[PDB]
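I have placed the structure first, in the form of structure tokens, so that the comments after it can refer back to it.
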Amino acid sequence: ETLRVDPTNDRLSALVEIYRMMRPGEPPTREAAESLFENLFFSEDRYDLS
Amino acid sequence: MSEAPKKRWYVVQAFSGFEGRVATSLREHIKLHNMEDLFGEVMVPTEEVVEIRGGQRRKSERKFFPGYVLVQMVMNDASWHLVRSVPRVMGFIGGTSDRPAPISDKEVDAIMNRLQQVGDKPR
Amino acid sequence: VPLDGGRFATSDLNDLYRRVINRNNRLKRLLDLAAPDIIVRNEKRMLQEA
Amino acid sequence: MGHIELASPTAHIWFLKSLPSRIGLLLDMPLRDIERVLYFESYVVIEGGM
RNA sequence: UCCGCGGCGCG
DNA sequence: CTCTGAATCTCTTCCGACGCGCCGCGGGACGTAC
DNA sequence: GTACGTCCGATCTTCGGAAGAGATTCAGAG
Numbered sequence: 349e350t351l352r353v354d355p356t357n358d359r360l361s362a363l364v365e366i367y368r369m370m371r372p373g374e375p376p377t378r379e380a381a382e383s384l385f386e387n388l389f390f391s392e393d394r395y396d397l398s
Numbered sequence: 001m002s003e004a005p006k007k008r009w010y011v012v013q014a015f016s017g018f019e020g021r022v023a024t025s026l027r028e029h030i031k032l033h034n035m036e037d038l039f040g041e042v043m044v045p046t047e048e049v050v051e052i053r054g055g056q057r058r059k060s061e062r063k064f065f066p067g068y069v070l071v072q073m074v075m076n077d078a079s080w081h082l083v084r085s086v087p088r089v090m091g092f093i094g095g096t097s098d099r100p101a102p103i104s105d106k107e108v109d110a111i112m113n114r115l116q117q118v119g120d121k122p123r
Numbered sequence: 253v254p255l256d257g258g259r260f261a262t263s264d265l266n267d268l269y270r271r272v273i274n275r276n277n278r279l280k281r282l283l284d285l286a287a288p289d290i291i292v293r294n295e296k297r298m299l300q301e302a
Numbered sequence: 102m103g104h105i106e107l108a109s110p111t112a113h114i115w116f117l118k119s120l121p122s123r124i125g126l127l128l129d130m131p132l133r134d135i136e137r138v139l140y141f142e143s144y145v146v147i148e149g150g151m
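Encoded structure:
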């Protein structure tokens, strides 16, 4: 049911929504979206567990 | 691109007292990425009123509006990202945030004519 | 209050009034030079926020 | 007491963004649209006529 | 100099 | 069909005891000249 | 080193409890 309620079924579209709700007002281009996503949980500089 | 639209001026906000280094930084960011066709020229209005005495002497720099600087960007996405990527820059100003609003051409011509007579009383 | 040293303990009311009067003076100066419409709209928004 | 000659009119917060919006329900409007109109994002019509 | 913030303590 | 409508879910605000003693920090930074 | 004019960009993340206003919803007459 969680997948049923999913509004979109595209990885690019998913990056679009995550980029939109990360901070509102910005048009969702793919390059900026992927750069932002790679710098939230997968970048050694702004994210690390001791 | 396929179309040939005029590179009409846009307005981008910057910190007061930091305009010069902001403009220079735009110059090196547009130079290093090597898109000289995408961007034209950047300039901020500046006045040079000279007074012999009374504190400041022989020169005084005044700006009609200090917080804003004009650029020659074109309606795109990568170029706008490059504009916002420069530090000490907040963003575009206009009627709507999603697409920055442009500036009227007739008042651009009027302000250019006004700026064509900056030089007064030489030497 | 002129406390010890060459310093002043400025109340927040003085700072708020100084900001508001500075914005008003800048807008009044800018309105007599026929500034672009977007510029005066943004400055009016800043004054209203202040 | 002194006065500051405001160059442009401004709206009072106490009469705008309280729990009941005075101006909003006086003009039969919600709060979001009047907030958008006052912060220079959208136009409003006066005397539409024909 | 008479104001603000933070901390500790006594009722 | 479609509009209404009463109920329901969601978002925004304000409230949280009273006296006293002591100590320590408070517009700071940033360019522009002198 | 020091007096003086000017000025307000990087990033946050852990309360119940209630009271009220606004958006949603589905229920129904039909």
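Line order of the protein sequences matches chains L, R, Y and B.
Start counting the first sequence at 349; every next residue gets the next number (UniProt numbering).
Start counting the second sequence at 1; every next residue gets the next number (UniProt numbering).
Start counting the third sequence at 253; every next residue gets the next number (UniProt numbering).
Start counting the fourth sequence at 102; every next residue gets the next number (UniProt numbering).
Beta carbons are placed, not taken as given, at the ideal position from N, Cα and C, and that holds for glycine.
Three-state secondary structure (DSSP) of residue i
i, result
"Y10(R)", "strand"
"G125(B)", "helix"
"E142(B)", "coil"
"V89(R)", "strand"
"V108(R)", "helix"
"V49(R)", "coil"
"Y367(L)", "helix"
"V69(R)", "strand"
"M1(R)", "coil"
"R259(Y)", "coil"
"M35(R)", "coil"
"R359(L)", "helix"
"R352(L)", "coil"
"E374(L)", "coil"
"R62(R)", "strand"
"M151(B)", "coil"
"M102(B)", "coil"
"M298(Y)", "helix"
Integer-rounded CB distance, given that residue j should sit under 8 Å from residue i
i, j, result
"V74(R)", "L38(R)", "6 Å"
"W9(R)", "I103(R)", "5 Å"
"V108(R)", "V69(R)", "Not really, about 14 Å apart at Cβ, beyond 8 Å."
"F18(R)", "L285(Y)", "So it is not a contact: roughly 22 Å between Cβ atoms."
"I105(B)", "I273(Y)", "6 Å"
"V42(R)", "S60(R)", "Wrong, their Cβ atoms sit about 23 Å apart, outside the cutoff."
"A302(Y)", "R271(Y)", "5 Å"
"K7(R)", "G40(R)", "5 Å"
Neighbourhood of residue i by C-beta distance below 8 Å, restricted to the same chain and skipping five residues each side
i, result
"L279(Y)", "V292, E295, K296 and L299"
"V89(R)", "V12, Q13, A14, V22 and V83"
"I111(R)", "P45"
Chain-order list of residues whose beta-carbon lies under 6 Å from that of residue i (same chain, five-residue window excluded)
i, result
"residue 136(R)", "The question about residue 136(R) has no answer here: the residues shown for chain R are numbered 1 through 123."
"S122(B)", "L132"
Beta-carbon proximity list for residue i, same chain, < 7 Å, skipping 5 on both sides
i, result
"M370(L)", "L384"
"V364(L)", "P376 and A381"
"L360(L)", "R378"
"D134(B)", "none"
Validate contact between the segment 20 to 31 of chain R and the segment 77 to 88 of chain R using beta carbons, cut 8 Å, 3 pairs: yes
Contact set between the segment 74 to 98 of chain R and chain L, restricted to residues whose Cβ is under 7 Å from the partner: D77, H81, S97 and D98
The segment 132 to 144 of chain B: positions lying closer than 8 Å to chain Y by Cβ: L139, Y140 and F141
Of all the residues that make up the segment 273 to 290 of chain Y, which are near chain R by a beta-carbon distance shorter than 8 Å? Here the close residues are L282, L285, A286, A287, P288, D289 and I290.
Select from the segment 8 to 24 of chain R all residues with a C-beta closer than 8 Å to any C-beta belonging to chain Y, and list them in chain order. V11 and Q13
Name the residues in the segment 364 to 396 of chain L whose C-beta lies less than 7 Å from a C-beta of chain R; which are they? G373, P375, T377 and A380
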